[PDB]
Each structure stands twice: as structure tokens, then as C-alpha cells.
Amino acid sequence: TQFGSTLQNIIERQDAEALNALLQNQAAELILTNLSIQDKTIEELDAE
Amino acid sequence: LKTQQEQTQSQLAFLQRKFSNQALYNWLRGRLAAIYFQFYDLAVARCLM
């Protein structure tokens, strides 16, 4: 039962790690989109 | 916003597919609760002995 508890903790921790990696990858994608948006903003000002 | 929508769905899919999901806990709770109660009756019987 101690191995049982240890394993459960590893599993929950393993999943937590996977989530943090997922969230950071997702953040990177939104930033790239935001960079494209900002470029258009700059072009808009040049158009003005 | 569409990207954010997809990312949100990805997180939901992740929560559903990850091993330590709601289904696991529902199962663990059901099984442990059965054990805990049965163990309790045995514990009471020994306490009474």
C-alpha cells in the first residue's frame, strides 16, 4: 500500500507536468497570433 | 479567438484523457468507500471483542 500511494502520487504529478507543458505551448501560439495582430496595427498607422 | 477556442477544447480533451481524471476518482472513491465501511465493521467487532 505504500507503493500504491507512491504510484498514485507519481501519476498525479506526471499529469500535472504534462499540463504545465501544454499550457506553455498554448501560450506560445497565442503570442504568435498577437504578433501578427500588432504588425497589422503598425500597418494601419502607416495607412493613416 | 478561434485559436483560444481550440486550445480550450484541447485542455478539455486533456482532462478527459489524462489518466488521473474524474472517472478514476469516481472509481477509487466507490471502491475505497466499500472497503472502508467493511473494514470499519471488522474494526468495531474487534474493538468489542
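Six or more apart or on different chains, Cβ under 7 Å: which pairs go from a residue in the stretch B:1-27 that's without any contact (Cβ under 8 Å) to a residue 60 or more places away in the chain and at positive phi to one that's surrounded by 10 or more Cβ atoms within 10 Å (Cβ to Cβ) and among the β-branched types (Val, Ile, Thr)? Could you list them?
Going by the 7 Å Cβ cut-off, there are no qualifying pairs.
From the list A:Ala47, A:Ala16, exactly one residue is within 29 Å of B:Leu12 (Cβ to Cβ) and among the aliphatic types (A, V, I, L, M). Which is it?
A:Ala16
Yes/no matrix, rows are residues, columns are (1) surrounded by 10 or more Cβ atoms within 10 Å (Cβ to Cβ); (2) within 13 Å of chain A (Cβ to nearest Cβ); (3) within 18 Å of A:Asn20 (Cα to Cα):
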| residue | (1), (2), (3) |
| --- | --- |
| B:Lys2 | no, yes, no |
| B:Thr8 | yes, yes, yes |
| B:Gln11 | yes, yes, yes |
| B:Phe14 | yes, yes, yes |
| B:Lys18 | yes, yes, yes |
| B:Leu28 | yes, yes, no |
| B:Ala33 | yes, no, no |
| B:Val44 | yes, no, no |
| B:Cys47 | no, no, no |
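Read-outs throughout are calculated quantities, based only on the coordinates presented, and are distinct from any laboratory measurement. Note that each Cβ is placed from the backbone with ideal geometry, even for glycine, and that neighbours are counted across all protein chains shown.
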